[PDB]
Amino acid sequence: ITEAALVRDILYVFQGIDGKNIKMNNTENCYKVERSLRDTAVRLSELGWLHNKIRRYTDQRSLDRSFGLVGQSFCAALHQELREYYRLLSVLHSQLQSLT
Amino acid sequence: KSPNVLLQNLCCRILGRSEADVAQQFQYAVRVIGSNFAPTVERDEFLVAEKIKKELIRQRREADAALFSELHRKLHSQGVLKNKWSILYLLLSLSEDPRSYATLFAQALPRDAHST
Amino acid sequence: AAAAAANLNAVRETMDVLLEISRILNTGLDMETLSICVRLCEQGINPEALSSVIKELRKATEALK
Amino acid sequence: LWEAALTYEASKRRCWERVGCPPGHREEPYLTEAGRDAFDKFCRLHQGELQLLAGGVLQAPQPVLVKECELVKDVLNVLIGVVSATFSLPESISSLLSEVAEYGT
Amino acid sequence: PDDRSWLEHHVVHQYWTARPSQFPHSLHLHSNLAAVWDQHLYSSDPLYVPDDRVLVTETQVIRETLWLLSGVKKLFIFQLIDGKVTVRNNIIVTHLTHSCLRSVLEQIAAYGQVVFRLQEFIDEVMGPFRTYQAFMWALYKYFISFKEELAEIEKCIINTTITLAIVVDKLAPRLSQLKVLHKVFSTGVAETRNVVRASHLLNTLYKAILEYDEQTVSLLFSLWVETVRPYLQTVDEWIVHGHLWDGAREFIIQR
Amino acid sequence: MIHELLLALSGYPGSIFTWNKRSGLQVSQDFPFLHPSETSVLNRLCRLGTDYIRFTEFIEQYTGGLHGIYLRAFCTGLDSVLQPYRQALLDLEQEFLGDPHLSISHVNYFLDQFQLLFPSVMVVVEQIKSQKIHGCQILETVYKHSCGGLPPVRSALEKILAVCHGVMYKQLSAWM
Numbered sequence: 245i246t247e248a249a250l251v252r253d254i255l256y257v258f259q260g261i262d263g264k265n266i267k268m269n270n271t272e273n274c275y276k277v278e285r286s287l288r289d290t291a292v293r294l295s296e297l298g299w300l301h302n303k304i305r306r307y308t309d310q311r312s313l314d315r316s317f318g319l320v321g322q323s324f325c326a327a328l329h330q331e332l333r334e335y336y337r338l339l340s341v342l343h344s345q346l347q361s362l363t
Numbered sequence: 007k008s009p010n011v012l013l014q015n016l017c018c019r020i021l022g023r024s025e026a027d028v029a030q031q032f033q034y035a036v037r038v039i040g041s042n043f044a045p046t047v048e049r050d051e052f053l054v055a056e057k058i059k060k061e062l063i064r065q066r067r068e069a070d071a072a073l074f075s076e077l078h079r080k081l082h083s084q085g086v087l088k089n090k091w092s093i094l095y096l097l098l099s100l101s102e103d104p105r113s114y115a116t117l118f119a120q121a122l123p124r125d126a127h128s129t
Numbered sequence: 011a012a013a014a015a016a017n018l019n020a021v022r023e024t025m026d027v028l029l030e031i032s033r034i035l036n037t038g039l040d041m042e043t044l045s046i047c048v049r050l051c052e053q054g055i056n057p058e059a060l061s062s063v064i065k066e067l068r069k070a071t072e073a074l075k
Numbered sequence: 282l283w284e285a286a287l288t289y290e291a292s293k294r295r296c297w298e299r300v301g302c303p304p305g306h307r308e309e310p311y312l313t314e315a316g317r318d319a320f321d322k323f324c325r326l327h328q329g330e331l332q333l334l335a336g337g338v339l340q341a342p343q344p345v346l347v348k349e350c351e352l353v354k355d356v357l358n359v360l361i362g363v364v365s366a367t368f369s370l390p391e392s393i394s395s396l397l398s399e400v401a402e403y404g405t
Numbered sequence: 210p211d212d213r214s215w216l217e218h219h220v221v222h223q224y225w226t227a228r229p230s231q232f233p234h235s236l237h238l239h240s241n242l243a244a245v246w247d248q249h250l251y252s253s254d255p256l257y258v259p260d261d262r263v264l265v266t267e268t269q270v271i272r273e274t275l276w277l278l279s280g281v282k283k284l285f286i287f288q289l290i291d292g293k294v295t296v297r298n299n300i301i302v303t304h305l306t307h308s309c310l311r312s313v314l315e316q317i318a319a320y321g322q323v324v325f326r327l328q329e330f331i332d333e334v335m336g357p358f359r360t361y362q363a364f365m366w367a368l369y370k371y372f373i374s375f376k377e378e379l380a381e382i383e384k385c386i387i388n391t392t393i394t395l396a397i398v399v400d401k402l403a404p405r406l407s408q409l410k411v412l413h414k415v416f417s418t419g420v421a422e427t428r429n430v431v432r433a434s435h436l437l438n439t440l441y442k443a444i445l446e447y448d455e456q457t458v459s460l461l462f463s464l465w466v467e468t469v470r471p472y473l474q475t476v477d478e479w480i481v482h483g484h485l486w487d488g489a490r491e492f493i494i495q496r
Numbered sequence: 001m002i003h004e005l006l007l008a009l010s011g012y013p014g015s016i017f018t019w020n021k022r023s024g025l026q027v028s029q030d031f032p033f034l035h036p037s038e039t040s041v042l043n044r045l046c047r048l049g050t051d052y053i054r055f056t057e058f059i060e061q062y063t079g080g081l082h083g084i085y086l087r088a089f090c091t092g093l094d095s096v097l098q099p100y101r102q103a104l105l106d107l108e109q110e111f112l113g114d115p116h117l118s119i120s121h122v123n124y125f126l127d128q129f130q131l132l133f134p135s136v137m138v139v140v141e142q143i144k145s146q147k148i149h150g151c152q153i154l155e156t157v158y159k160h161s162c163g164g165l166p167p168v169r170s171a172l173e174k175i176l177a178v179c180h181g182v183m184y185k186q187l188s189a190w191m
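Line order of the protein sequences matches chains H, a, b, L, J and I.
Here the first sequence stands for residues 245 to 278, 285 to 347, 361 to 363, numbered as in the entry's author numbering.
Here the second sequence stands for residues 7 to 105, 113 to 129, numbered as in the entry's author numbering.
For the third sequence, the entry's author numbering assigns the number 11 to the initial residue and increments by one for each residue that follows.
Here the fourth sequence stands for residues 282 to 370, 390 to 405, numbered as in the entry's author numbering.
Here the fifth sequence stands for residues 210 to 336, 357 to 388, 391 to 422, 427 to 448, 455 to 496, numbered as in the entry's author numbering.
Here the sixth sequence stands for residues 1 to 63, 79 to 191, numbered as in the entry's author numbering.
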């Protein structure tokens, strides 16, 4: 199967959204390809797995106004760092048109 | 234009003088550029790309290192620059900061392990 | 013609994108000197020779300043 | 040569119908927002319409000539009283031309 | 050829004259939307009956719209359903699905209806009442200054591409002052004697000034003066001349 | 596809993104010519626009029951807070017309900053709807919420509060 589909899919699981030939078959496990190219994805999917935790956390605690001034200021920093990561991701999307 | 009068234009650009005030610098230029004309080492644009990256990390600029990657995207979208490796390797060599080992960074392969 | 002026558009754009690349690495060449260097690079030329000659000539306009 | 030609100019309008860096080419203002080509053409086409609606038995040629300055010189001299191929003893110029020709006569 | 070419140029001749849109157009996704949506319909299997409208570009609608808002109207865009301006749904642009287009043109037609009713009021005195007649001159003084700005913007199109979302926000501090007048004059357009039809018109302005006691308030103030203008004359006349002799009066108090 | 989108996120939804007051801006047609995962990204982005549509309707009516000069001073500061959501929708479109490789990710990135400003002001507008807040107690529920925990809503609500206090200096000037 062609390389282009995996390259276009994998840049979306860093946000934490499954691709087309990349799906997450178990919650605890990181993102899985649906031979060597198939093996490559495990180190790259750790980033999406780690991203989900911070993103879920700054989702919940930011709109928690019984969580105090500190904690919402914590969320501000977490969200802004996730923003600068999306800045990187936007470039990486634009540099397509398959890229390894 | 012929390449020799282009080297002449270059030596009239850096120096403020014309080629009626100096002929040693332009003869030195024809000495070094000639017999070492037209690249003979590795010429992929990816190799020079990872070294301007190396420079902008060392200057603690993460926005400019990703602005470059979109300037690097636009060169690939159009594709009108005939030697993308050379003019960026030139600009990388003339770099200076706005303000132990280093041979284990990326170096262009010499290609004397192959008859070219 | 027109598509050769559209080629003139794709060269006028690249000459500004390299001008951004030139100032973030802060090379001493302005747009006029860089205009000689890009024509040289089109013909195929060793940057390991050219950077030595530029570092030589810049070492002789600050010695004859 | 290429950076000599690089300093060319281009229009302010950018196309909503071309993408990929359009340098634009300007959709050309309306017909009542042009003149002395479009004015002459409007006069010529209306005159030809009148000629067709008559059959050629009307005959008003020249959608241009006379301009301003020559007519102004002729009318400066008609107050002395002169004849020409414009005095005797566009198409709306006949209305202004009679009112000031009869003054000199 | 020689007259058709000059004609094809100056007058655009693709959305008031049956001739399809001719342009060196290629269109990439950012504006190629209407073709993409038609192709999406065809891929989703309709199956038949294409969508065909007359196909205009974007900037043309802008020039048309500026002319509408200055206080002159009847263009080939914007059909009337009783005289109220609304989206002519026989015209599609190269983008915007024909449905989002409907919404953006709907907002501007909603602005245009208010200018249409103000212009029909100005028309209904020139074919006196001595208050309606004194109201239309204030309305006219606003519309003069409005039309000058919109006409000067139109010159800078000949010299620049502009879209609809620009001209709405660019003209905000005039369309904001007009929206308040849309609420004040709606009770002042509800008209027995000519002096009570003047009093009820004058009093809504009198209350709207005290409501905002700001840039719309100077508009309301300048409009209020021009319809207390007949009353000052008649009150001066009743005092100094020893009589006031007008039909039922132009002052509320009768002798 | 971004001229529908940068008008769908503002007050013109279209037939694709279906506005509703229970939850608006939902895709009703899955485009096969786009990437399959991108639609989820779009819906996340669509959340922001839903708030901006509701915010406009509240301002459209204004400027006992809910009415007064207080509600015409809350809206006036709400105008100034919503202005870089109007400008940031035109500027992107100006960028997109030349550059063809650009994508949805740029818009998601750039309009992430109002998903901290907008939801913490959404509760402020929802409370003034749900309670009968039309009196002099409107300034209390502004000044209690202006302390915030996030830097956009930390500086935003004070601009809004200034206008309502400026209304409170017209009654208290004729009084005093």
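Cβ coordinates follow ideal geometry from the N, Cα and C atoms, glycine included.
Residues of chain b with CB closer than 9 Å to the CB of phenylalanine 74 of chain a, please, in chain order.
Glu30, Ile31 and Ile34
Over what stretch of residues does the alpha helix (DSSP H) that includes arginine 428 of chain J continue unbroken?
No alpha helix (DSSP H) holds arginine 428 of chain J; DSSP gives it neither H nor E.
When you compare only the Cα positions, how much space is there between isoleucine 386 of chain J and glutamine 269 of chain J?
10 Å
For a contact defined as C-beta to C-beta under 7 Å, what are the partners of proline 310 of chain L on chain J?
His219 and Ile387
Those runs of the alpha helix (DSSP H) which lie wholly inside the region 333–368 of chain L and span at least 4 residues
350–359
Would you give the residue range spanned by the alpha helix (DSSP H) that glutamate 4 of chain I belongs to?
Neither: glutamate 4 of chain I is in no alpha helix (DSSP H) and is coded neither H nor E.
Less than 8 Å between the C-beta atoms of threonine 303 of chain J and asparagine 429 of chain J, yes or no?
no
Determine, using beta carbons only, whether residue 75 of chain I comes closer than 8 Å to chain H.
It's not possible to place residue 75 of chain I here, given that chain I moves directly from 63 to 79.
Which bits of chain H does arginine 79 of chain a rub up against, with CB to CB less than 9 Å?
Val341, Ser344 and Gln345
Give the DSSP bridge partners of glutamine 330 of chain H, in chain order.
None; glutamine 330 of chain H has no bridge partner.
Could you tell me whether the Cβ atoms of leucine 81 of chain a and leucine 87 of chain a are closer together than 8 Å?
yes
Examine the Cβ distances between the region 50–59 of chain a and the region 118–125 of chain a and report whether three or more of them are shorter than 8 Å.
yes
So what does DSSP say about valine 341 of chain H, is it helix, strand or coil?
helix
Taking the DSSP output, what are the residues bridged to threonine 18 of chain I?
I:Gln26
Please say whether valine 27 of chain b and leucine 97 of chain a have beta carbons closer to each other than 8 Å?
no
So, with DSSP's three-state summary, where would you put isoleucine 55 of chain b?
strand
When the Cα atoms are used, what is the spatial distance from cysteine 47 of chain b to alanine 291 of chain L?
26 Å
Under 7 Å Cβ to Cβ from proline 45 of chain a, same chain only, skipping five residues before and after it: list those, please.
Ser92
Which residues of the region 318–342 of chain H have a Cβ closer than 7 Å to any Cβ of chain a? Give them in chain order.
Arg337, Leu338 and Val341
Which residues in the same chain have their Cβ closer than 6 Å to the Cβ of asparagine 298 of chain J, if we skip the five residues on either side of it in sequence?
none
Under 8 Å between C-beta atoms, does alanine 13 of chain b make it to chain L?
no
Reference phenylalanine 323 of chain L, options J:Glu455, J:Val220, J:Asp261 and J:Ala367, closest by Cα:
J:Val220
Output, in chain order, the set of chain I residues within a Cβ distance shorter than 7 Å of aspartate 262 of chain H.
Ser37
8 Å Cβ cutoff, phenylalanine 43 of chain a in contact with chain b:
yes
Just to make sure I have the definition right: I need the residues of chain J whose C-beta is within less than 7 Å of the C-beta of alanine 315 of chain L. Which are they?
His219
Reduced DSSP category for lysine 267 of chain H - H, G, I as helix; E, B as strand; rest coil
strand
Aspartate 332 of chain J to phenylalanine 325 of chain J, Cα distance in whole Å?
10 Å
Chain-ordered neighbours of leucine 112 of chain I on chain J, where CB pairs are closer than 8 Å
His239 and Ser240
List the residues that DSSP assigns as beta-bridge partners of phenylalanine 372 of chain J.
Answer by DSSP bridge pairing: none, since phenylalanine 372 of chain J is not bridged.
Is the region 14–23 of chain a touching the region 12–32 of chain b in the sense that three or more CB pairs, one from each, lie closer than 8 Å?
no
Since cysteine 179 of chain I and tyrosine 85 of chain I should fall inside the 8 Å C-beta cutoff, what is the C-beta to C-beta distance between them, to a whole number of angstroms?
6 Å
Using a Cβ cut-off of 8 Å (strictly closer), state whether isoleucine 175 of chain I contacts chain J.
no
Interface residues of chain I around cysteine 350 of chain L at Cβ under 7 Å?
What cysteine 350 of chain L touches in chain I: nothing, since even the nearest Cβ is about 48 Å away.
Since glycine 301 of chain L meets chain I, which of its residues come closer than 8 Å, beta carbon to beta carbon?
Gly113 and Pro115
Check whether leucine 62 of chain a and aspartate 50 of chain a have beta carbons under 8 Å apart:
no
Please list, in chain order, the chain L residues whose beta carbon lies closer than 9 Å to that of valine 21 of chain b.
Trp283, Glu284, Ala286 and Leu287
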